[PDB]
Amino acid sequence: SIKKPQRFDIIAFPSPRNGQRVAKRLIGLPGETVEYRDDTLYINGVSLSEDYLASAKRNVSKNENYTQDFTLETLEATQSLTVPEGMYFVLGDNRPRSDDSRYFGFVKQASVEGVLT
């Protein structure tokens, strides 16, 4: 049973940077806009909670946002309105220590070797 990846699934794939196997969370799917504003995830302008980040967000500060403000247009690595056909936008839960789509750009769907459970 190879499940078709859904949002917030954890997926393993070779890094677009160096080909090293890495695990990241599926955040954006083909056709969608992705935005972070004030530490909240917006997909197609729809606010989505991330209860898996709440525990980590307890050790930051009043000032600091755990994830910086961005759109797919703001990011040097993406420069795009939407996630392209046949591609994913992924982010790591340890956000300030994560090499993810914010920095290595979109991930090819075809290169994903599994959903991780």
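As a numbering rule, every chain is indexed from 1 in the order its sequence is written, which need not reproduce the entry's residue numbers; residues that lack coordinates are not presented. Side-chain metrics in this entry use all non-hydrogen atoms of the structure; hydrogen atoms and water are not considered. Residues with missing side-chain atoms are left out of burial classes, side-chain pairs and their counts.

The name given to the protein in the PDB entry is Signal peptidase I, and the organism recorded there is Enterococcus faecalis.

Draft legend 1. How the structure looks around the sheet that holds strand β5 (residues 46-48). Taking strand neighbours across the sheet as the criterion, the four strands line up as β5-β4-β3-β6 in an open arrangement whose pairing is antiparallel. Bordering the open sheet on either side are β5 and β6 (70-71), each of which pairs with just one other strand. Note on pairing: DSSP must find at least two bridges between two strands before they are called paired. In this text, helices come from DSSP runs of H or I with a minimum length of four residues, and strands from runs of E with a minimum of two, each type numbered from the N-terminal end. As paired elements, strand β3 (residues 34-37) and strand β4 (residues 40-43) share four bridges and run antiparallel to each other. Bridge assignment links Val34 to a residue of β4, and that residue is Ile43.

Draft legend 2. Expanded view of the packing of aromatic side chains. Note on aromatic contacts: the rings of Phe and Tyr and the six-membered ring of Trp form a pair at centre separations within 6.5 Å, being stacked when their planes are under 30 degrees apart, edge-to-face when over 60 apart, and tilted otherwise. Taken as a whole and judged by the stated rule, the model has five aromatic pairs. Between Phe13 and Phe104 the ring centres are 6.3 Å apart and the planes differ by 90 degrees, which places this aromatic pair in the edge-to-face class. One end of the pair, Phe13, is in strand β1 (residues 10-14); the other, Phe104, is in helix α1 (residues 101-104), and 91 residues separate them in sequence. For the pair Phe13 and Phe104, a shared accessibility class is recorded, and that class is buried. Burial status follows relative accessibility: with a 1.4 Å probe on protein chains alone, a residue under 20% of its type maximum counts as buried, one over 50% as exposed, and anything between as partly exposed.

Draft legend 3. Molecular detail of the side chain of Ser15. Here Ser15 is to be found in the loop between β1 and β2 (21-28). Residue classification places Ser15 among the buried residues on the basis of a relative accessible area of 8%. Polar contact is the term for a pair of N or O atoms within 3.5 Å; when the atoms are in protein, one must be able to donate a hydrogen and the other to accept it, and sequence-neighboring residues count only if both atoms are side-chain atoms. From its side chain, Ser15 meets the backbone nitrogen of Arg17 in a polar contact 3.1 Å long. By definition in these notes, contact holds between two residues if any of their heavy atoms fall within 4.5 Å. Residues in contact with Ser15, not counting those within four places in the same chain, are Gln20, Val22 and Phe104.

Draft legend 4. Up close: the pattern of salt bridges. What makes a salt bridge here is a side-chain nitrogen of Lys or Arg within 4 Å of a carboxyl oxygen of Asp or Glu, nothing more. Taken as a whole and judged by the stated rule, the model has seven salt bridges. A salt bridge links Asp100 to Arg102; the nearest nitrogen and oxygen atoms lie 2.9 Å apart. Considered together, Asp100 and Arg102 belong to a single accessibility category, that of buried residues.

Draft legend 5. Just unusual backbone geometry, in detail. The phi dihedral of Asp38 falls on the positive side, at around 55 degrees, and the residue is not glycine. Tracing the sequence through the fold places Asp38 in the loop between β3 and β4. Among the residues examined, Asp38 registers a relative accessible area of 58% and is labelled exposed. A positive phi angle, close to 75 degrees, is found at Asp39, a residue other than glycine. Relative to the elements of secondary structure, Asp39 occurs in the loop between β3 and β4.

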